[PDB]
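Participant: Residue numbers (the UniProt record's numbering), protein chains in the order written: chain A, 312 to 609; chain B, 461 to 510; chain C, 27 to 311. Below: one structure in structure tokens.
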Ligand SMILES: *[C@@H]1O[C@H](CO)[C@@H](O)[C@H](O)[C@H]1NC(C)=O
Ligand SMILES: *[C@@H]1O[C@H](CO)[C@@H](O)[C@H](O)[C@H]1NC(C)=O
Ligand SMILES: *[C@@H]1O[C@H](CO)[C@@H](O)[C@H](O)[C@H]1NC(C)=O
Ligand SMILES: *[C@@H]1O[C@H](CO)[C@@H](O)[C@H](O)[C@H]1NC(C)=O
Ligand SMILES: *[C@@H]1O[C@H](CO)[C@@H](O)[C@H](O)[C@H]1NC(C)=O
Ligand SMILES: *[C@@H]1O[C@H](CO)[C@@H](O)[C@H](O)[C@H]1NC(C)=O
């Protein structure tokens, strides 16, 4: 008698199991609004504790000009990342070119700028229906007369009167002394570059704190009585899944043996108790009378 | 790309659920992006012959 | 004061299940028969008996055990935080009308961050009348609230019968809370019984904490002459505090999977034997 190898039956199909998609992060809600923050005091929304979404590009905002600068848009649901910042405001279409790292303009001068090591996604979409007011809206004020310049992640809310030529202003608005705030036309009859455009900027840390945010987890339906390559929430492996009677306690989520080999699991979404029976692992022995004359083997 | 092979496929990539036939636009850009090089740029962007 | 925790501080850190076997595992358990601090939510109304205002700041060194023998249902929440200030982010727990309002909203933690319950006249039942806990900048990076709006006071003055046990432990910011609700009968001290401590939630906010305090109610009805903090005569419960320590213990599961009995590995010689042998019973040798 001899021994050669193992009868390792190849797993037939792969199945991933994860709980319900119970939580969602209202990206659609924050995309559109009747009113939005001024470019001066841009909205620094703190996104966390919610499951991100990358459903499709042409969404309610249609994603006119989209670019994930430092991260892969494809694996947004797959990439796991935390502490999202939604730095969003309202600008003009011609000002949309002022999003890339180091881009200059009035927004970068006095309203908003973006760093040179960005790792988020910038979306600037034409607000020709969201913000466009048939008579033109000027309430999206922008600062244009200020001595110094602003760096990214810095939001300004003050209205200190500009001093030109170091001419003392006693709160007087006149020659070489203007009000730092000004207003945008944003008329519907304007051109495409002059159309109102809204920008949402998604910046986030790469695993600095515990990952509160992580993308959705698709859950293919389980199939029993086969050598399934299973990947549940906690573990991955190969085995044949069978219904059982083990009364897993509601908090208990796994089951093991004396020699710490995971064999019993609970369904992620529903309350089902599965036993992971092994697949065939028998040594493929061979018996033979002898090499010569008779070549018969078993 | 697998090691020890050069693949030059001029065809624009296909993203955004739309087959783009050589049309530059949203979700389809020319896959061979050019190096952003200013003559005597910063150290991180000075071309190196390798 | 100082009390003997007979067998408290046993729970399930691993979600796995083992039937009718034993397992030696190391985790921040509470050492058995250790010193336990007894705090006395009692309203001794004698002219020479001071109002027992048992609410100091307690150290959150490694992980805080907590037992509450409450039948008046007054002791409510847990105040967390390293600096306990609005400058450094912190954590606060409150249980109002069976609603956990966990928040990272680090409010002002002045000497009266407490609840107050009063027996109202518009409705003939003790209705909440004081929320003096929060007044500060919110700036909340986190807000979880479950909202079952019920009430289960069932206040008794003679015999303690409801015991709620909680262990709060931090591991890489996955702040885990383990809970147990037990109908008890002992009034003097903790019963010499064995009870597991199932987890409730692992809030993954990752907040840096060193300080720990408790939250109760202080207002009273109108029959008592005076005001809330001057006259209070319905706080009639007690609680005990112990501190977990890094130890390796042994757990004896059953067929169902409930922890029936634990054995410390570093208590006593026989304990060490039952530890190293991997056995709940050992013969002579
Ligand atoms: C955004 O559009 C959706 C329709 O998809 C609508 O349900 C929602 O109310 C809108 N949000 C606004 C206008 O703020
Ligand atoms: C999760 O999905 C399962 C489908 O297997 C369903 O039975 C269950 O009700 C769902 N739970 C929730 C909370 O949606
Ligand atoms: C509490 O500490 C005191 C201090 O010596 C000690 O005498 C007493 O035995 C301790 N109680 C315990 C360990 O239960
Ligand atoms: C408030 O939260 C922001 C989050 O961006 C943080 O920068 C700031 O230090 C916090 N505290 C105050 C007082 O603003
Ligand atoms: C406490 O934890 C926070 C978490 O971000 C960290 O920023 C802080 O430095 C820690 N405190 C100390 C003294 O290290
Ligand atoms: C397990 O749970 C059942 C539930 O009825 C109970 O009767 C039994 O005593 C428990 N313990 C064992 C060892 O079966």
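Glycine residues also receive a C-beta, built at the ideal position from the N, C-alpha and C atoms.
Do you know how far the Cα of residue 319 of chain A is from the Cα of residue 592 of chain A?
Facilitator: Position 281 of the first chain, counted from the first residue, corresponds to residue 592 of chain A. Position 8 of the first chain, counted from the first residue, corresponds to residue 319 of chain A. Residue 592 of chain A and residue 319 of chain A: Cα-Cα distance of roughly 5 Å.
Participant: With DSSP as the reference, label residue 157 of chain C as helix, strand or coil.
Facilitator: The count along the third chain starts at 1 and reaches residue 157 of chain C at position 131. Correct three-state label for residue 157 of chain C: strand.
Participant: Just to confirm before moving on: does the CB-CB distance between residue 285 of chain C and residue 220 of chain C stay below 9 Å?
Facilitator: Indexing the third chain from 1 puts residue 285 of chain C at position 259. Indexing the third chain from 1 puts residue 220 of chain C at position 194. Against a cut-off of 9 Å, the Cβ pair of residue 220 of chain C and residue 285 of chain C comes out as a contact.
Participant: What do you reckon, are the CB atoms on residue 191 of chain C and residue 205 of chain C nearer than 9 Å?
Facilitator: Walking along the third chain from the start, residue 191 of chain C turns up at place 165. Walking along the third chain from the start, residue 205 of chain C turns up at place 179. Their beta carbons are under 9 Å apart, which means residue 191 of chain C touches residue 205 of chain C by this criterion.
Participant: The alpha helix (DSSP H) that contains residue 339 of chain A, what's its start and end?
Facilitator: For the purposes of this step, residue 339 of chain A is taken as residue 28 along the first chain, with counting starting at 1. Taken as a continuous stretch (DSSP letters only), the alpha helix (DSSP H) holding residue 339 of chain A covers 338-342.
Participant: Counting only beta-carbon atoms, is residue 224 of chain C nearer than 9 Å to chain A?
Facilitator: One-based indexing of the third chain puts residue 224 of chain C at position 198. It does; some Cβ of chain A falls within 9 Å.
Participant: DSSP state of residue 53 of chain C, grouped into three classes?
Facilitator: In the third chain, counting from the first residue as 1, residue 53 of chain C sits at position 27. Strand.
Participant: Taking the alpha-carbon positions, what's the residue 261 of chain C to residue 131 of chain C distance?
Facilitator: Position 235 of the third chain, counted from the first residue, corresponds to residue 261 of chain C. Position 105 of the third chain, counted from the first residue, corresponds to residue 131 of chain C. Approximately 28 Å between the Cα atoms of the pair.
Participant: Consider the C-beta atom of residue 59 of chain C and the heavy atoms of ligand 3; say whether any pair is separated by less than 8 Å.
Facilitator: Translated into the one-based positions of the third chain, residue 59 of chain C becomes position 33. Answer for residue 59 of chain C: yes, Cβ within range of ligand 3.
Participant: For a cutoff of 9 Å on Cβ pairs, would you count residue 188 of chain C as touching chain A?
Facilitator: Mapped onto the third chain, residue 188 of chain C falls at position 162. It does not; no Cβ of chain A falls within 9 Å.
Participant: Is residue 564 of chain A close to chain C? Criterion is C-beta to C-beta, closer than 9 Å.
Facilitator: Reading the first chain from its first residue, position 253 is the one you call residue 564 of chain A. Interface residue, yes.
Participant: Would you kindly report the start and end of the unbroken alpha helix (DSSP H) that includes residue 298 of chain C?
Facilitator: Indexing the third chain from 1 puts residue 298 of chain C at position 272. From DSSP, the alpha helix (DSSP H) with residue 298 of chain C extends over 295-302.
Participant: Looking only at its own chain, which residues have a Cβ that is under 7 Å from the Cβ of residue 287 of chain C, when we skip the five neighbours before and after it?
Facilitator: Here the question's residue 287 of chain C lines up with position 261 in the third chain. Closer than 7 Å at the Cβ level, and outside the excluded window around residue 287 of chain C, lie 220, 278.
Participant: What does DSSP give as the partner residues of residue 485 of chain A in its beta bridges?
Facilitator: Residue 485 of chain A sits at position 174 when you count from the first residue of the first chain. The partner list for residue 485 of chain A (beta bridge, DSSP) reads A:488.
Participant: Grab the span of the beta strand (DSSP E) containing residue 559 of chain A for me, first residue to last.
Facilitator: On the first chain, residue 559 of chain A is found 248 positions in, with the first residue counted as 1. Taken as a continuous stretch (DSSP letters only), residue 559 of chain A belongs to no beta strand (DSSP E), as it is neither H nor E.
Participant: Ligand 6 and residue 282 of chain C: does the residue's C-beta get closer than 8 Å to at least one heavy atom of that ligand?
Facilitator: Here residue 282 of chain C is taken as the residue at index 256 of the third chain, counted from 1. Checking every heavy atom of ligand 6 against the Cβ of residue 282 of chain C, one is found closer than 8 Å.
Participant: Please return the same chain residues whose Cβ sits closer than 8 Å to the Cβ of residue 462 of chain A, not counting the five positions on each side in sequence.
Facilitator: Translated into positions along the first chain, residue 462 of chain A becomes position 151. Correct list, in chain order: 424.
Participant: Would you give the residue range spanned by the beta strand (DSSP E) that residue 229 of chain C belongs to?
Facilitator: One-based indexing of the third chain puts residue 229 of chain C at position 203. Here the beta strand (DSSP E) through residue 229 of chain C covers 224-229.
Participant: Comparing the C-beta of residue 477 of chain B with each C-beta of chain A, is any distance below 9 Å?
Facilitator: Here the question's residue 477 of chain B lines up with position 17 in the second chain. Chain A contact via Cβ: present.
Participant: Identify each residue in the region 483-497 of chain B for which the Cβ-Cβ distance to at least one residue of chain A is less than 9 Å, and report them in chain order.
Facilitator: Within the region 483-497 of chain B, the qualifying residues are 486, 487.
Participant: Residues of chain B with CB closer than 8 Å to the CB of residue 585 of chain A, please, in chain order.
Facilitator: Position 274 of the first chain, counted from the first residue, corresponds to residue 585 of chain A. Simply none; closest approach about 36 Å.
Participant: Near ligand 2, which residues have their beta-carbon less than 5 Å from any of its heavy atoms, given in chain order?
Facilitator: Output, sorted by chain position: A:331, A:580, A:581.
Participant: Look up residue 465 of chain A in the DSSP assignment and say whether it is helix, strand or coil.
Facilitator: As a working mapping, residue 465 of chain A is identified with position 154 in the first chain. Correct three-state label for residue 465 of chain A: coil.
Participant: Any C-beta of chain A within less than 8 Å: which residues of the region 280-300 of chain C qualify?
Facilitator: So the list reads 282, 283, 284, given in the order they occur along the chain.
Participant: Compare the Cα-Cα distances from residue 266 of chain C to each of C:101, C:38, C:46, C:52 and report the closest residue.
Facilitator: To locate residue 266 of chain C, count along the third chain from 1; it is residue 240. For residue 266 of chain C, the nearest C-alpha among the options comes from C:101.
Participant: Quick check: what's the CA-CA separation for residue 214 of chain C versus residue 27 of chain C?
Facilitator: Along the third chain, read from residue 1 onward, the residue named residue 214 of chain C stands at position 188. Along the third chain, read from residue 1 onward, the residue named residue 27 of chain C stands at position 1. Going from the Cα of residue 214 of chain C to the Cα of residue 27 of chain C covers about 14 Å.
Participant: Would the beta-carbon of residue 362 of chain A fall within 9 Å of that of residue 504 of chain A?
Facilitator: Residue 362 of chain A sits at position 51 when you count from the first residue of the first chain. Residue 504 of chain A sits at position 193 when you count from the first residue of the first chain. Not closer than 9 Å, so no.
Participant: So if DSSP puts residue 396 of chain A in a beta bridge, which residue, or which two residues, is it bridged to?
Facilitator: Locating residue 396 of chain A in the first chain gives position 85, where the first residue counts as 1. For residue 396 of chain A, which the question treats as bridged, DSSP gives the partners A:357, A:514.
Participant: Who are residue 150 of chain C's beta bridge partners in DSSP?
Facilitator: Numbered from 1 along the third chain, position 124 holds the residue referred to as residue 150 of chain C. Answer is none; residue 150 of chain C lacks a bridge partner.
Participant: Does DSSP put residue 474 of chain B in a helix, in a strand, or in coil?
Facilitator: Taking the second chain and counting its residues from 1, the one referred to as residue 474 of chain B is at position 14. If DSSP states are grouped into helix, strand and coil, residue 474 of chain B belongs with coil.
Participant: Alpha carbon to alpha carbon, how far is residue 502 of chain B from residue 381 of chain A?
Facilitator: To locate residue 502 of chain B, count along the second chain from 1; it is residue 42. To locate residue 381 of chain A, count along the first chain from 1; it is residue 70. Those two C-alpha atoms are separated by around 20 Å.
Participant: How is residue 369 of chain A classed by DSSP in three states: helix, strand or coil?
Facilitator: By 1-based counting over the first chain, the position of residue 369 of chain A is 58. Residue state, collapsed to three classes: coil.
Participant: Contact check, residue 421 of chain A vs residue 451 of chain A under 8 Å by CB: the rounded distance?
Facilitator: The residue labelled residue 421 of chain A in the question sits at position 110 within the first chain. The residue labelled residue 451 of chain A in the question sits at position 140 within the first chain. Between residue 451 of chain A and residue 421 of chain A the Cβ distance is about 14 Å, and since that is not below 8 Å, they are no contact.
Participant: Could you give the distance in angstroms between the alpha-carbon of residue 357 of chain A and the alpha-carbon of residue 212 of chain C?
Facilitator: The residue labelled residue 357 of chain A in the question sits at position 46 within the first chain. The residue labelled residue 212 of chain C in the question sits at position 186 within the third chain. About 49 Å.
Participant: Give the interface partners of residue 372 of chain A over in chain C, defined as CB-CB distance under 9 Å, in chain order.
Facilitator: As a working mapping, residue 372 of chain A is identified with position 61 in the first chain. In chain order: nothing, as chain C lies at least about 26 Å away.
Participant: State buried or exposed for residue 181 of chain C, treating a residue as buried only when at least 16 other CB atoms are found within 10 Å of its CB.
Facilitator: Working through the third chain from its first residue, we reach residue 181 of chain C at position 155. When all chains shown are included, residue 181 of chain C counts as exposed.
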